[PDB]
Student: 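Got a structure for you, questions after.
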Amino acid sequence: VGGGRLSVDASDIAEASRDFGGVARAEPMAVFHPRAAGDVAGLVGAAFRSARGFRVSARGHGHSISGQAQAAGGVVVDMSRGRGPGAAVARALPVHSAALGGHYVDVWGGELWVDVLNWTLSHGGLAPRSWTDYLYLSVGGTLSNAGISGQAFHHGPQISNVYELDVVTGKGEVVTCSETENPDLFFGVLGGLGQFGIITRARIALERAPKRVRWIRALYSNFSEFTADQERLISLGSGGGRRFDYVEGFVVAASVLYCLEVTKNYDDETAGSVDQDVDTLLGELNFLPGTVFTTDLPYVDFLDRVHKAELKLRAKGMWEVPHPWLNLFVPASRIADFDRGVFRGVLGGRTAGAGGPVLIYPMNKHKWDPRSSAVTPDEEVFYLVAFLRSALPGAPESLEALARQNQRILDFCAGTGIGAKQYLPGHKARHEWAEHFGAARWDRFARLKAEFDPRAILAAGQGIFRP
Ligand SMILES: *Cc1cc2c(cc1C)nc1c(=O)[nH]c(=O)nc-1n2C[C@H](O)[C@H](O)[C@H](O)COP(=O)(O)OP(=O)(O)OC[C@H]1O[C@@H](n2cnc3c(N)ncnc32)[C@H](O)[C@@H]1O
Ligand SMILES: O=C(Nc1ccccc1)Nc1ccnc(Cl)c1
């Protein structure tokens with residue numbers, strides 16, 4: 001426990017027993033409020049030494065869909081709660097390295113990306129290079145998955161932009177790790193679904209942040225042309241050449257329409273070249289003529305765009321509802337078959353039927369380290385397909401229909417041998433985890449668990465190992 005506090009307060013227990021998915025409700029015995037890493041070590045150590053080893057799970061912002069951060073009858077470590085004035089003054093300044101050829105910053109494992117951003121911009125105009133679409137997620141939470149957005153095609157996911165970690169293992173041991181120090185734990189933890197320890201520190205790579213963003217959306221009716229254009233755009237920038245700084249897309253609720261979403265970053269030095277750069281890049285595209293929608297805004301406002309949508313949804317009582325999300329990594333070689341079978345088949349053209357946004361965009365696997373625990377398709381270019389569904393509140397039939405639609409999509413992929421992989425997996429059954437990881441990766445994953453959390457105390461809500 002040390003400097004930390006073990007809370008049984010009704011409101012803390014309630015928050016720790018729920019998540020964004022709004023379905024899973026496993027209750028903890030207590031909520032731990034640490035002051036520092038040693039306190040998390042002391043709590044995990046005590047769980048490891050106890051007779052009936054209680055579950056310990058870290059909670060970031062509680063954005064999990066199916067109880068991943070829940071610890072039934074155990075202790076939930078509230079990593080993202082502010083630690084007071086002394087903690088805020090003690091946060092590390094960005095540091096320059098001549099060996100790395102740039103700056104990095106050490107952050108608490110529970111820090112929200114929005115707070116990491118505000119801190120680094122205020123200390124040199126620096127910022128992380130690779131984002132999530134939503135900044136009110138914890139660093140520890142995203143690094144336990146991958147952390148993806150429109151920059152991942154170029155910079156890789158957030159797990160490719162971290163130099164070092166401090167990890168509290170399932171034995172309560174504080175271990176510093178990186179590519180050159182305890183690499184098995186470092187690569188194990190990155191994308192490791194919280195299985196091998198709690199990240200108490202992360203050393204994030206930084207770049208000089210742009211000031212403004214030219215934010216563009218364009219429409220397509222031809223899927224083959226929409227995907228050919230996204231794939232061409234993600235192939236640009238090799239050797240720092242001319243490219244867009246963000247590439248996403250989404251299916252439009254109208255035939256089916258698709259929207260390409262791109263940005264071009266700029267500052268005072270590059271403001272003179274933006275318009276010509278954008279025009280050249282757009283002139284090479286095949287979008288429907290006259291369907292370009294452009295907005296110009298500060299970098300921070302573009303990065304926080306989803307939080308702006310959240311405030312609007314909260315005011316309408318549309319945020320705190322069930323979210324039966326399904327996130328897939330789909331091989332580019334089978335993306336046309338996925339569009340036919342799912343956007344035009346399962347969804348029948350009306351999406352609409354999806355119950356919320358459906359993101360679609362490709363990434364470059366070479367930007368992902370093959371040593372990490374993250375599971376990607378067995379192909380170089382693969383797409384995120386994100387079914388960001390919201391069920392109607394107080395409507396059980398709405399959640400049932402969306403959960404069935406998820407199952408049909410999964411059965412379609414398995415039946416036609418698509419080779420898709422779930423991102424933020426919610427498998428829970430043993431043979432499905434084996435198939436998710438594959439033979440070589442499952443063996444490696446089980447070996448890391450035996451070494452780092454033999455009692456299966458950590459992140460039991462993921463439902464991989466018997467606690
Ligand atoms: C709700 C949501 C999620 C989201 C998103 C937008 C919204 C509105 N946009 C995303 C995006 O564009 N790109 C992306 O990669 N992910 C996106 N997400 C999903 C999000 O990454 C996940 O929900 C993720 O879990 C992070 O959320 P959060 O920080 O709230 O963490 P958690 O849900 O409580 O816990 C997740 C798992 O990790 C373990 N955990 C938590 N903290 C730690 C630390 N410090 N160390 C180790 N493990 C940790 C939890 O126990 C749980 O298993
Ligand atoms: O959730 C998102 N991305 C995500 C989520 C889970 C896994 C991978 C990507 N992005 C996002 C974009 C616009 N509106 C909203 Cl509510 C959300």
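Heads up: numbering here begins at 1 and tracks the sequence. Remember, it's 1-based here, ligands and their atoms both numbered in the order they're listed.
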Student: For the pair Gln158 (side chain) and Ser130 (backbone), establish whether a donor and an acceptor sit closer than 3.5 Å, ignoring hydrogens and angles.
Tutor: yes
Student: Looking only at atom types and distance, does a side-chain atom of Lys421 sit under 3.5 Å from a main-chain N or O of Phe329, one as donor and one as acceptor?
Tutor: no
Student: Tell me yes or no: between the side chains of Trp113 and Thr142, is some donor less than 3.5 Å from an acceptor?
Tutor: yes
Student: With a 3.5 Å cut-off and no angle check, do the side chains of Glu435 and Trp442 form a donor-acceptor pair?
Tutor: no
Student: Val385 and side-chain contact (heavy atoms from CB on, under 4.5 Å): which partner among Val342, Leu326, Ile335?
Tutor: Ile335
Student: I need the nearest protein heavy-atom contact for atom 12 (O) of ligand 1: residue, atom name and distance, please.
Tutor: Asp133 N, 2.7 Å
Student: Counting from 1, what ligand 1 atoms have a heavy atom of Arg59 closer than 4.0 Å?
Tutor: 34 (O)
Student: Heavy atoms only: which of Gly461, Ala58, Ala459, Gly60 lies closest to atom 34 (O) of ligand 1?
Tutor: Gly60
Student: Show me which atoms of ligand 1 lie under 4.0 Å from any heavy atom of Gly147.
Tutor: 15 (O)
Student: Tell me whether ligand 1 is touched by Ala146 - counting only heavy atoms on the residue side and a distance under 4.0 Å.
Tutor: no
Student: Show the atoms of ligand 1 that are less than 4.0 angstrom away from any heavy atom in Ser144.
Tutor: 38 (O), 47 (C), 48 (N), 49 (C)
Student: If I apply the N/O under 3.5 Å rule, does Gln68 come out as touching ligand 1?
Tutor: yes
Student: Please state which protein non-hydrogen atom is closest to atom 45 (N) of ligand 1 and give its distance, to 0.1 Å?
Tutor: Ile199 O, 3.0 Å
Student: Quick check on contacts: which atoms of ligand 2 are under 4.0 angstrom from a heavy atom of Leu359?
Tutor: 3 (N), 10 (N)
Student: Considering distance alone, does some N or O of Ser138 sit under 3.5 Å from an N or O of ligand 1?
Tutor: yes
Student: Please report which non-hydrogen protein atom sits nearest to atom 6 (C) of ligand 1, along with the residue it belongs to and the distance in Å to one decimal place.
Tutor: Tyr134 CB, 3.4 Å
Student: Using ring-ring contact (aromatic ring centres under 6.0 Å, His included) as the criterion, point out the one residue from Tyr383, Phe343, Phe223, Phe382 that pairs with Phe338.
Tutor: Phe343
Student: Given the side-chain rings of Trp368 and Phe187, with only the six-membered ring counted for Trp, is the space between their centroids under 6.0 Å?
Tutor: no
Student: Any sub-3.5 Å donor-acceptor pair from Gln70's side-chain atoms to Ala26's backbone N or O?
Tutor: yes
Student: Should you measure from each heavy atom of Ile148, which atoms of ligand 1 turn up under 4.0 Å away?
Tutor: 11 (C), 12 (O), 13 (N), 14 (C), 15 (O)
Student: For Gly62, is at least one N or O under 3.5 Å away from an N or O on ligand 1?
Tutor: yes
Student: So, the side chain of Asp78 versus the backbone of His33: is there a donor-acceptor pair under 3.5 Å, distance only?
Tutor: no
Student: Using atom types as modelled and distance alone, determine if a side-chain donor or acceptor of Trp108 lies under 3.5 Å from a backbone N or O of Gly82.
Tutor: no
Student: With a cut-off of 4.0 Å, which atoms of ligand 2 are near a heavy atom of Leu424?
Tutor: 6 (C), 7 (C)
Student: As an exercise, identify every atom of ligand 1 less than 4.0 angstrom from a heavy atom of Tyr423.
Tutor: 14 (C), 15 (O), 16 (N)
Student: Of all the atoms in ligand 1, which lie at a distance below 4.0 Å from a heavy atom belonging to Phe20?
Tutor: 1 (C)
Student: Just go through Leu326, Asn327, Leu328, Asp133 and tell me whose heavy atom is the nearest to atom 3 (N) of ligand 2.
Tutor: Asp133
Student: Heavy-atom distances under 4.0 Å are what count here, so tell me which part of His323 touches ligand 1: side chain, backbone, both or neither.
Tutor: neither
Student: Around atom 26 (C) of ligand 1, find the nearest protein heavy atom and jot down its residue, atom name and distance.
Tutor: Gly141 C, 3.7 Å
Student: Once you measure the plane-to-plane angle for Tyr134 and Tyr136, does it fall in the parallel (<30°), tilted (30-60°) or perpendicular (>60°) bin?
Tutor: tilted
Student: What atoms in ligand 2 come closer than 4.0 Å to a heavy atom of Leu384?
Tutor: 8 (C), 9 (C)
Student: Taking heavy atoms and a distance under 4.0 Å, where does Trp325 meet ligand 1: side chain, backbone, both or neither?
Tutor: side chain
Student: Considering only protein heavy atoms, which is closest to atom 18 (N) of ligand 1, and at what distance to one decimal place?
Tutor: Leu137 CD1, 3.7 Å
Student: In the protein, which heavy atom is nearest to atom 16 (Cl) of ligand 2, and how far is it?
Tutor: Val306 CG1, 3.9 Å
Student: Tell me if the centroids of the rings in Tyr361 and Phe226 come within less than 6.0 Å of each other.
Tutor: no
Student: Enumerate the atoms of ligand 1 whose separation from the nearest heavy atom of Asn145 is less than 4.0 angstrom.
Tutor: 24 (C), 25 (O)
Student: Tell me whether the rings of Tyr246 and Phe302 are parallel (<30°), tilted (30 to 60°) or perpendicular (>60°).
Tutor: perpendicular
Student: For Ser373 and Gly188, indicate whether the former's side chain and the latter's backbone hold a donor-acceptor pair under 3.5 Å.
Tutor: yes
Student: Which is it for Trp325 and ligand 2 at heavy atoms under 4.0 Å: side chain, backbone, both or neither?
Tutor: side chain
Student: Numbering the atoms of ligand 2 from 1, which are under 4.0 Å from a heavy atom of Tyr423?
Tutor: 7 (C), 8 (C)
Student: Who's the nearest protein heavy-atom neighbour of atom 22 (C) of ligand 1, and how far?
Tutor: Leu424 CD2, 4.2 Å
Student: Which residue is it: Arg447, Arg444, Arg371? I am looking for the one with a salt bridge (charged side-chain N to carboxylate O under 4.0 Å, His left out) to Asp184.
Tutor: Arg444
Student: Can you see which heavy atom on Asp453 is nearest to which on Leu458, and at what distance?
Tutor: OD2-N, 2.9 Å
Student: Could you tell me whether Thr132 approaches ligand 2 through its side chain, its backbone, both or neither, with non-hydrogen atoms closer than 4.0 Å?
Tutor: neither
Student: Less than 6.0 Å separating the ring centroids of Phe20 and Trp319?
Tutor: yes
Student: Checking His307 against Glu310: is there a side-chain donor and acceptor pair closer than 3.5 Å?
Tutor: yes
Student: Using a 4.0 Å cut-off to any heavy atom of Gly197, which atoms of ligand 1 qualify?
Tutor: 47 (C)
Student: Can you list the steps and then say if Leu448 with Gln195 is a side-chain contact (heavy atoms from CB on, under 4.5 Å)?
Tutor: CA-CA 9 Å; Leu448 288 169; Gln195 296 307 293; over 6 Å; no
Student: Side chain, backbone, both or neither: which applies to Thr200 and ligand 1 if a contact is any heavy-atom pair less than 4.0 Å apart?
Tutor: neither
Student: Measure from atom 2 (C) of ligand 1 to every heavy atom in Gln158, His61, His63 and give the option owning the shortest one.
Tutor: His63
Student: Can you tell me which residue and heavy atom of the protein come closest to atom 32 (P) of ligand 1, and the distance to 0.1 Å?
Tutor: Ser64 OG, 3.7 Å
Student: Backbone or side chain, does any N or O of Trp319 fall under 3.5 Å from an N or O of ligand 2?
Tutor: no
Student: For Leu388, counting its heavy atoms only, list the atoms of ligand 2 lying under 4.0 Å from any of them.
Tutor: 1 (O), 2 (C), 5 (C), 10 (N), 11 (C), 17 (C)
Student: Where the side chain of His155 meets the backbone of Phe153, is there a donor-acceptor pair that is under 3.5 Å apart?
Tutor: no
Student: To check your reading of the model: name the closest protein heavy atom to atom 37 (C) of ligand 1, its residue, and the distance in Å.
Tutor: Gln462 NE2, 4.0 Å
